[PDB]
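Have a look at the structure below, then the notes.
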Amino acid sequence: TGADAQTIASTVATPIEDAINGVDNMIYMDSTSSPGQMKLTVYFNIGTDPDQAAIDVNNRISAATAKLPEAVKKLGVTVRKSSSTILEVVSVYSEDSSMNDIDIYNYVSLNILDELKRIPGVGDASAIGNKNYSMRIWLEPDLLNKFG
Amino acid sequence: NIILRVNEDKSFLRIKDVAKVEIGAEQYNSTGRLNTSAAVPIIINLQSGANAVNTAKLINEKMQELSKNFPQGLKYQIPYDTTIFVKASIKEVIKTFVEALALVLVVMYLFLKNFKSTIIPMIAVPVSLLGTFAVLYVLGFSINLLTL
Amino acid sequence: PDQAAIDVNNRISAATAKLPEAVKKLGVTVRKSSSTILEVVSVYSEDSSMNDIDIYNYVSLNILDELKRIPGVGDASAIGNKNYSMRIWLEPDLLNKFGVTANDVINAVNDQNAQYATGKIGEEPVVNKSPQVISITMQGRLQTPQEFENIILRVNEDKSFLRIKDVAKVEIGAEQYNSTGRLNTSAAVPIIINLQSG
Amino acid sequence: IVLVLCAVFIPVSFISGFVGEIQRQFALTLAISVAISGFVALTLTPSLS
Amino acid sequence: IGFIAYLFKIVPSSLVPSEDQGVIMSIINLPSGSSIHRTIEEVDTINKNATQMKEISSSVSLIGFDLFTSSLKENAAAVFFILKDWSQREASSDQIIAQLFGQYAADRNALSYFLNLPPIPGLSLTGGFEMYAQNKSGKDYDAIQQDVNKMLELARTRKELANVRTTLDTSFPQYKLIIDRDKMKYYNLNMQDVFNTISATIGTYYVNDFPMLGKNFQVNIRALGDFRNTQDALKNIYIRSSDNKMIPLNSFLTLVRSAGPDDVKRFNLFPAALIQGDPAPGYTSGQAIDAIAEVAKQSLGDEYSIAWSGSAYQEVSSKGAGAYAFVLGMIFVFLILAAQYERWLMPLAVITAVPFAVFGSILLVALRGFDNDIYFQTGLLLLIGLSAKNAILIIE
Amino acid sequence: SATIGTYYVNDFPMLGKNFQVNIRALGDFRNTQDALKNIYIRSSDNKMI
Amino acid sequence: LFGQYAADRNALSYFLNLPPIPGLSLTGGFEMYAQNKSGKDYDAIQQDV
Amino acid sequence: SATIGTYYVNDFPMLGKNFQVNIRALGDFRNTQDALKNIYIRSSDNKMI
């Protein structure tokens, strides 16, 4: 969080990428570092067991985890065997429109989403917008300066 | 109320004076719209090596179960689902098969000219074709547009 | 080979409690291994212009990574372990003179030579919406030996900063100078290619 | 007929590449059908005939 | 026999014919630096126009989410338009695309690509070679952008490549922080503390979890949007030194406007750019794959390395066998026949029959204009088996 | 750990990959005792020992 | 056994013979987890249940 | 956590295997509710509270 792309390419992406450079049956790998996020998809030779492939990558990334910056480590470095392709998009929408979007996201994430990742065959289930409840402490720097 | 500093006089500097605290979204950077109506879109990524059709069916069923327990004013719709194009296309081939068989029966009934005679080959067509399905299950070969 | 790797890994974690604490910090690594050395390839500078650290660092960066991506290749390693490092050769005498401990030097490198995190200016939520969202990019990590010398250990009570250069001699140099390789009586880095199982 | 028909189908199935896989499912499905149909023709059809 | 050979020369070669998926996937990317509010206004407008269209049943929009990168960019946005049932609609998917493109793409002046939906990036599609140019040398992404724009021009002048595009963008506006280390030390400020203050205010900082709804939810500290709204924001922020005095951030830190790439892409451990190409109608995908390769070789050869992904990698590394297989199939047939017939000479009669059916098919196909798609190639095999039966029975 | 032997502080960005930054004394670690005598640690009282 | 200690009100003791199979539901009973999604305190949950 | 409960400070080696070194208070001083009045923690002002 709060990091420039290049930083994410150097500090976060390259250590992971070099750890999984020798994974068995790896045809090619591609990493995309963006302000805040790093995604690295490792592709495998056709016929490589998907489960075995993930196990390899998980074993390899473990060494790289330490070299990662603390903030990156606190957040989840996750190895999921899911393609970036989107089988289907489901939308949950408030008809009464009584609910606020943060509330609607917080209902789907907590209940609707977790039962989806459990469903067999859904490698990844991600909601769009990242609207989870968070305490926000909105600092005002003028008040901070006044009170020293 | 958290007290950052205790002044020389017994007054406690608190977060409330320096900042404003409220419960919001962790990220405000992305939203979702379904038909102009605001909505939270969840993207499903297939697990590698998983059948698309089976997975989609399972998701839809779980959605229905969840819908029963939905809070009032919340409804779900699955706008984009690749599977749909596959199901339809597979169905179209199945329809062709029924039509093809019927047309063949007519040509045979022209050549044989006797009702029963035409039946003898007729009965043979599904026994053979359905036995083929059993064999492709043993091989592990899956139903696909080309097999159909 | 793979099932064996899974069984071993499951047993390391079943006995996590029995492990010593230091071991827990740097996780035990279970990897399929191959003893066989399919081939030894040696890269040698004919001009004798390149020094061994440079040859080793040409291999690692370019030659090695592609060979590890060759199917059927187990770990491919060069023997030297001469990776580029910004060695900071501390001079104890100067350190005592200027009254600075090694620890101060280490702490200074930790803070000065690092890439921290900077947010994005013009991002939601904002009352007055700005036309563009602008990321902030920073280069904390110092790429040059001279920059390492410039790191400021302390102010010195006269506005004249003390610097790593005053107490040390920074230079690019291999992490381990211990091992070398010879091909027919000529310097070379020896890269051993292990065969993957099956 | 069955041997001659399956004779052409099997090499096509063994073709390398992913196109080969697409042409393997189709080639072998046809092969299975012809062998099964032959057995059905031999036994089921005359009986009922 | 000569006709069959000629028809094969002319019949275009293809994998799978395109069938209207029934849903159009449109990627809308506003200007590089555009903020989310502008992005949403843009999509609501498109959505309103979309509902007017009788053809489109529904529309789902993921704002701020780029499909290809699968990353959240404020400027990007993807809208899927779900079209009606094939019977319910008199317009083909591509005809619907034209109406939409005319209605807003020309007017809104916001980049928009209307593409089909591919179950598999490569397998579902055909010819969309997406080769990567991975730089070996270490050069500025700016230079890379330039270099890869030259190759793009050459690709345009290449004779049969279509819609060649590069996804790399080095225009996004970024403020470059200049760190006066000497000034900072003069103020007795640790560098980690400095940035922790900036991450706390301009950025979002996750301290600890708080408990709500039987779950742990993060506690994030950030400045009010107004303070971090514009540049120079550093002037307001204050960081206490070791001494009690609070030092403005602006004194030791300067922000200068620079252009950089938001999405740094790396392929096989080398900084790389994504060149996406499509084969022009005149050439087969393969020919197109090798054509782009020579464009890259000519303008990016010294430092850049050609690399291939998806279908393209599969095709280049296929070295496919089975060319002999077809001949072998016939040889097998020749032998099983010469044992049934008990005469070496007669199986030749049945094999000669086989070209006749092939001729009929590669004729109708070249008449309609259908290419030599897998469908034709397969269908061929059933026609070869059926002809056999007519032949074996008669010769016997 | 710093003077006698190599200590790995952090990474640096040379040549497109991250490399280690190692701190070690220079030549003052050849003799067994001389070294022990030369190295001085600061105390809490800010006096070198 | 049950009758010797039934008298004691200090020890609550239940004597059960060892299960015939290691994992079983001889009772055939049902195990239902009443999850609470309101983030209530366990004491509150007890009352509701 | 140090007095009323057990605090695992580090490991001591015994019989060839690292055992744990735990710190807790004597059981008399944690037997009752007013245990808290025995415990004292030092303030920044170096005054026991």
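Chains as they are written, first to last, in the deposited numbering: chain A, 51 to 198; chain B, 249 to 396; chain C, 100 to 297; chain D, 447 to 495; chain E, 546 to 941; chain F, 744 to 792; chain G, 645 to 693; chain H, 744 to 792.
Built from N, CA and C at the ideal position, the CB exists for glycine as well.
For the region 267 to 289 of chain B, which residues have a CB atom closer than 7 Å to at least one CB atom of chain C, in sequence order?
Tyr276 and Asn277
Closest Cβ-Cβ distance between E:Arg913 and chain C: below 8 Å?
no
Inter-residue spacing [alpha-carbon to alpha-carbon] between E:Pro900 and B:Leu394
24 Å
Closer than 8 Å by beta-carbon distance: list the chain E residues that pair up with D:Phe460, in chain order.
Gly867 and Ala870
How close, in whole Å, do the beta carbons of C:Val158 and A:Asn109 come, if the pair is a contact with beta carbons under 8 Å?
That belief does not hold up - the Cβ atoms of C:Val158 and A:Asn109 are roughly 25 Å apart, past 8 Å.
Chain-ordered chain J contacts of C:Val129 [CB-CB under 9 Å]:
Protein chains in the displayed structure are A, B, C, D, E, F, G and H, and chain J is not among them.
Closest residue to E:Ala894 among E:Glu600, E:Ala883 and E:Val801 (Cα-Cα distance):
E:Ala883
Report all residues from its chain with a CB closer than 8 Å to the CB of C:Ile271; omit the five preceding and five following residues, and keep chain order.
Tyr183, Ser184, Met185, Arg186 and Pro244
Mind checking B:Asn317: buried by the 16 CB within 10 Å criterion, or exposed?
exposed
With DSSP collapsed to three states, give me the class of C:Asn202.
helix
Can you give me, in chain order, the residues of the region 246 to 269 of chain C that have a beta carbon less than 7 Å from any beta carbon in chain E?
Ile251, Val254, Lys258 and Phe260
Proximal residues to E:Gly822 (C-beta, below 6 Å), its chain only, five neighbours per side dropped:
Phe674, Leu706, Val709 and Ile837
Between the region 622 to 633 of chain E and the region 595 to 604 of chain E, can you find at least three pairs of beta-carbon atoms closer than 8 Å?
yes
Nonlocal neighbours in the same chain, by C-beta distance under 7 Å from F:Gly770, ignoring five residues either side:
none
Thinking just about the alpha-carbon of each residue, which of E:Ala902, E:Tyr751 and E:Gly905 is nearest to the one in B:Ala273?
E:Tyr751
By DSSP's criteria, C:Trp188 is part of a beta bridge. Which residues make up the other side?
C:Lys268 and F:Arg767
Please report the Cβ distance between A:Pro100 and B:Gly280, rounded to the nearest whole angstrom; I am assuming they are in contact, meaning their Cβ atoms lie under 8 Å.
No, A:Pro100 and B:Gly280 are not in contact; Cβ-Cβ is about 30 Å, not under 8 Å.
When the Cβ atoms of the region 161 to 174 of chain A are set against those of the region 278 to 294 of chain B, are three or more pairs found closer than 8 Å?
yes
So the beta strand (DSSP E) E:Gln679 belongs to, where does it begin and stop?
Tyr677 to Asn680
Mapping the DSSP letters down to three states, classify E:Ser606 as helix, strand or coil.
strand
Output the boundary residues of the beta strand (DSSP E) element that contains E:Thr711.
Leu706 to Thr711
So, is E:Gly647 buried or exposed, given that buried needs 16 or more other C-beta atoms within 10 angstroms?
exposed
How about D:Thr489: is its C-beta nearer than 8 Å to some C-beta of chain B?
no
Within 8 Å of any Cβ in chain E, is that where the Cβ of D:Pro492 sits?
no
Using only the alpha-carbon positions, how far apart do E:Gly924 and E:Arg703 sit?
35 Å
Using Cβ-Cβ distances below 8 Å, what residues of the region 201 to 230 of chain C are close to chain B?
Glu222, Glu223 and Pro224
Contact between the region 367 to 386 of chain B and the region 475 to 485 of chain D (3+ Cβ pairs under 8 Å):
yes
One question on the structure: do A:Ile70 and A:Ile96 come within less than 8 Å of each other, judged by their Cβ atoms?
no
Here's the rule I'm using: 16 or more other beta-carbon atoms within 10 Å means buried, otherwise exposed. How should A:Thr57 be labelled?
buried
How many angstroms separate the CA atom of C:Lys258 from the CA atom of E:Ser796?
17 Å
Beta-carbon neighbours of G:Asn680, restricted to chain E and to distances below 9 Å:
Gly759
Taking CB distances under 8 Å as the criterion, tell me whether B:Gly379 reaches chain D.
yes
Between the alpha carbons of C:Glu248 and C:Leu189, how many angstroms are there, rounded?
11 Å
Interface positions of the region 69 to 89 of chain A facing chain B (Cβ-Cβ less than 7 Å), listed along the chain:
none
Determine whether the Cβ of A:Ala113 lies closer than 8 Å to any Cβ atom of chain C.
yes
Of all Cβ atoms in chain C, is any one closer than 8 Å to the Cβ of A:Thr57?
yes
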